[PDB]
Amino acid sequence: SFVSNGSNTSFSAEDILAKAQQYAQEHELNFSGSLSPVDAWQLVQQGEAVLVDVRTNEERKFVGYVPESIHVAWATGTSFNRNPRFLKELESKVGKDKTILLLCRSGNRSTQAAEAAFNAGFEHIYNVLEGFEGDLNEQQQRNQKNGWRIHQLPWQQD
């Protein structure tokens, strides 16, 4: 007991988190912070944050998803029916004390979920900027301008 001081790490998450919190304060966001897809992946791969996918099951099935992300749908189906159990599910699957990064298709649904979760007592809620697919282009195609996929971060589908 005495010789060990607890777990040791070669990775520091405080500079990414401090930068994400600075982003939220500069933009006067009503949640803890926002961070790029690349910075989000850097935290998640090291086990320093929980990646929560707030997209529909249909998107995870047909567009793809990030392995080891936790699915808590903000809205469901092709009509985006709001999930009234979102906050209950986020609490039971993850918990209000965890460092949570919310990922949707863009930044839109994850921003809505982040505001709702922060208002409901989730202490460390962050928005992943750009989302999995990024913004639609003039040609009505996603994944050309920004997002997790264009950044060539890990993802898979069937």
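A residue's number is simply how far along the shown sequence it sits, counting from 1.
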* For the higher mean C-alpha B factor in the entry, choose 53-61 or 24-32. => 24-32
* Of 5-13 and 130-138, the one with larger mean CA B-factor -> 5-13
* Asked: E68: which third of its chain by C-alpha temperature factor?
  -> highest
* By the record's CA B-factor, is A120 among the lowest, middle or highest third of residues in the chain? -> highest
* Asked: Would the CA B-factor of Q45 place it in the lowest, middle or highest third of its chain?
  -> highest
* Asked: Split the chain's modelled residues into thirds by Cα B-factor; is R105 in the lowest, middle or highest one?
  -> lowest
